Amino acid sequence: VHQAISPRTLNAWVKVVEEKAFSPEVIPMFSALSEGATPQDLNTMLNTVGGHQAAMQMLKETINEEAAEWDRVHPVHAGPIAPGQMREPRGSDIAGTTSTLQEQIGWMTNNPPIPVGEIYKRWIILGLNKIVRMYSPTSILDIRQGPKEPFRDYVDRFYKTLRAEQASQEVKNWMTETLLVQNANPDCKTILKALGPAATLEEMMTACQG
């Protein structure tokens, strides 16, 4: 018997995205809400998300990426001449873009079963992860210096992030003085350690400009 996604379940999803926006806590929700849903049902939820067109652009292309990938590892038989039982699900089919609700349900209840509903879901999750990333605050603790990156370039980036940080003036001090040195590559770090704990920024740059 077919039971489509309940309007209540679909409505809760709206309020979730409405409140939680795109914090990392949304994903767990999405999973709980989308448990056992068909590729069609998932799409309903996705299309139910108003606004946030930016994040959506990502989700979309991400879907397309995974779908295209699927076709490579599963080229089954393009053009099933002479009928048999049931055609194999292509990427676009899993995504539900080119598959009827019946076909989807069919693939899920066949021997062996092809859980297209779950497969598509996984792809959506990956897309959601990417979205959360671009929405997550820039942590200065991850700004390291590349082994070939000019010291000046590193400084520009380091300070840029600093300008966009929520921390007390005291903590910022530690970052400017100590941290900047800590994340420098082995060579520059070796030169900075020669100047001592109190060298000025200008001095450091002049020392590592080679």
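So that there is no doubt, residue numbering starts at 1 and follows the sequence shown.
Stretch comparison (135-143 versus 119-127) by mean CA B-factor in the PDB entry places 135-143 on top. The PDB entry records a higher mean C-alpha B factor for 164-172 than for its counterpart among 144-152 and 164-172. Among all modelled residues in its chain, residue 15 ranks in the middle third by Cα B-factor. Sort the chain's modelled residues by C-alpha temperature factor and residue 3 lands in the highest third, per the entry. The entry lists a Cα temperature factor for residue 64 that places it in the lowest third of the chain's modelled residues. The deposited CA B-factor of residue 27 belongs to the middle third of values across its chain. Residue 92: CA B factor in the lowest third of modelled residues in this chain (values from the PDB entry).
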